[PDB]
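Just one chain follows, in the form deposited in one PDB entry, and it is written as structure tokens.
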């Protein structure tokens, strides 16, 4: 499976990228970077940290846009750390090295990849700002992409509070949801993250040592575990888990047509509607396989 990754690489993005790196069936052809919550300069550095912590370093990193399309970024008190990646120490990992960054804008490089790579998939882990612009510049190119895997949205389960990716750039989410075919789109929603939430203190796979990747997992997740009683709502790792393992990862899903509310009190929320040609919105995951996948990426290779 060929896969492009779009990320605002915070803590859970890095574990999601690591899930893809840990499966030999996955060839990551490029990683695009978008700002917003975490600054774009910080995202590019954190993608570099993740790839350097892993073995393979032959993946081009592209910087995209610096802000949502139109909505304000809404300043963020990053309690987990200012660098957007748990405030880890580069000297503890051997990643105090120059960051790699391609010259091409992420929008154009994504378009070229879409034009020149057959059976290209994309895993989107961030606000869809980069994707919406590429669909605007060249809808013919992005429509060649085989399938879309997106972390975003909150459908009715009650609809939990706190969905981030689409609320951060609702116009971009609408551009994606109105242009790329929803039938070819698979959603790992914030409702799914909240539904498969667990306490990391009941496990040990976020608190291991013995290799660099294990230390990375433990140190990046450390502040999230501390400040929230151990509770974890896995969003991006679940989206990578679904993109990488397919129906093996899915227990139940619902076909739903999705739209963004761009006006009024419900601005930035989503409308969902049963529709066999709509998004595949995953409802239940193989959680036993998910935590097994989380441990395996930290095994000695």
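The term rigid core refers to the maximal set of C-alpha atoms that superpose within 1.5 Å between the two forms. Residue numbers count along the first chain shown, from 1.
The same protein has a further form, the form deposited with a small molecule bound, not shown here; the description that follows concerns it.
Enquirer: Which of 80, 215, 146, 73 has a heavy atom within 4.5 Å of the small molecule in the entry with it bound?
Expert: Among 80, 215, 146, 73, a heavy atom within 4.5 Å of the small molecule in the entry with it bound occurs only for 80.
Enquirer: Just give me the single entry in 53, 235, 65, 258 that has a non-hydrogen atom within 4.5 angstroms of the small molecule in the entry with it bound.
Expert: Going through each option in turn, the one that passes is 235.
Enquirer: Check residue 155 for me: does it contact the small molecule in the entry with it bound (non-hydrogen atoms, 4.5 angstroms)?
Expert: No, residue 155 sits far enough from the small molecule in the entry with it bound that none of its heavy atoms falls within 4.5 Å.
Enquirer: Check residue 164 for me: does it contact the small molecule in the entry with it bound (non-hydrogen atoms, 4.5 angstroms)?
Expert: It does: once the small molecule is placed as it appears in the entry with it bound, residue 164 has a heavy atom within 4.5 Å of it.
Enquirer: Answer yes if any heavy atom of residue 37 is within 4.5 Å of a heavy atom of the small molecule in the entry with it bound; otherwise answer no.
Expert: Residue-level check for residue 37: yes, a contact with the small molecule.
Enquirer: Wondering, does residue 180 line up within 4.5 Å of the small molecule in the entry with it bound on heavy atoms?
Expert: Answer no; every heavy atom of residue 180 is more than 4.5 Å from the small molecule in the entry with it bound.
Enquirer: Residues in which of 55-63, 235-243, 42-50, 261-269 have heavy atoms within 4.5 Å of the small molecule in the entry with it bound?
Expert: Stretch with heavy atoms near the partner: 235-243.
Enquirer: Which residue of 212, 225, 208, 138 is the mover here, meaning its C-alpha shifts by 2 Å or more between this form and the one not shown once both are aligned on the rigid core?
Expert: Single residue meeting the criterion: 225.
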